[PDB]
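>>> from the sequence below, what's the structure:
(chains A and B)
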Amino acid sequence: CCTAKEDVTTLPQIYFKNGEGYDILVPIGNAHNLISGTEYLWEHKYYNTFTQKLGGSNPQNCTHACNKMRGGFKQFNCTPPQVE
RNA sequence: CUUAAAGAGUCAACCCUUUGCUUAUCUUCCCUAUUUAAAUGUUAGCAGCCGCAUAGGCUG
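Residues are numbered from 1 along each chain as shown, chains lettered A, B, ... in the order given. Dropping the coordinates below:
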């Protein structure tokens, strides 16, 4: 079941240095991080955070986690302090 | 060589109705203000006639 698939379409593509050259790099999301972050920051009540529902109004499209956890995946609120 | 690359959130709203804050009272008792000197810079730069002069002189 666990194999590979490659579609850089719609996928951010950034350069990152290899030390003496560059390496064009595609950042994709982590599945363990998303579901584990939702469960843990809900069960230890972390509230300086966001909520994002992946898929839109039909969350059966993206993944199976999307389809089940339709309440919304939780993202960290990475807002810095503001002066004055 | 930036999760780079890119995108209209628009829309509408009756908050509102009523009310008892009341009552009460010892601020009082005492006090060393004190002492001492130059109005000076000279002081007031004035009162009038001699003249066209608000130019220049005289008079005390």
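>>> near RNA strand B, which residues of chain A?
A:10-17, A:22, A:27-29 (Cβ under 7 Å from any atom of the strand). The way it works is simple: take the backbone N, C-alpha and C, and place the C-beta from them, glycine included.
>>> from those, which ones fall inside strands?
Of the residues of chain A next to RNA strand B, the ones assigned to strands by DSSP state E are A:14-17, A:22.
>>> JSON lines for these, including neighbour count?
Listed next are these as JSON lines, based on neighbours: other Cβ atoms under 10 Å:
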{"residue": "A:14", "neighbour count": "9"}
{"residue": "A:15", "neighbour count": "10"}
{"residue": "A:16", "neighbour count": "9"}
{"residue": "A:17", "neighbour count": "9"}
{"residue": "A:22", "neighbour count": "10"}
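>>> buried set for stretch A:67-76?
A:69, A:73-74 (16 or more other Cβ atoms under 10 Å).
>>> all helices for chain A, in order.
Per DSSP state H, chain A carries helices over the ranges A:31-43, A:64-68.
>>> contacts for the longest one, please.
Outside of helix A:31-43, the residues that reach it under the criterion Cβ atoms under 8 Å, 6 or more residues apart in numbering are A:46, A:49, A:63, A:65, A:69, A:73-74, A:76.
>>> between which two of these is the distance greatest?
Put simply, by Cβ to Cβ the two of the contacts of helix A:31-43 set farthest apart are A:46 and A:63, 23.1 Å from each other.
>>> the more surrounded of the two?
Using other Cβ atoms under 10 Å, the more surrounded residue of residue A:46 and residue A:63 is residue A:63, with 16 against 13.
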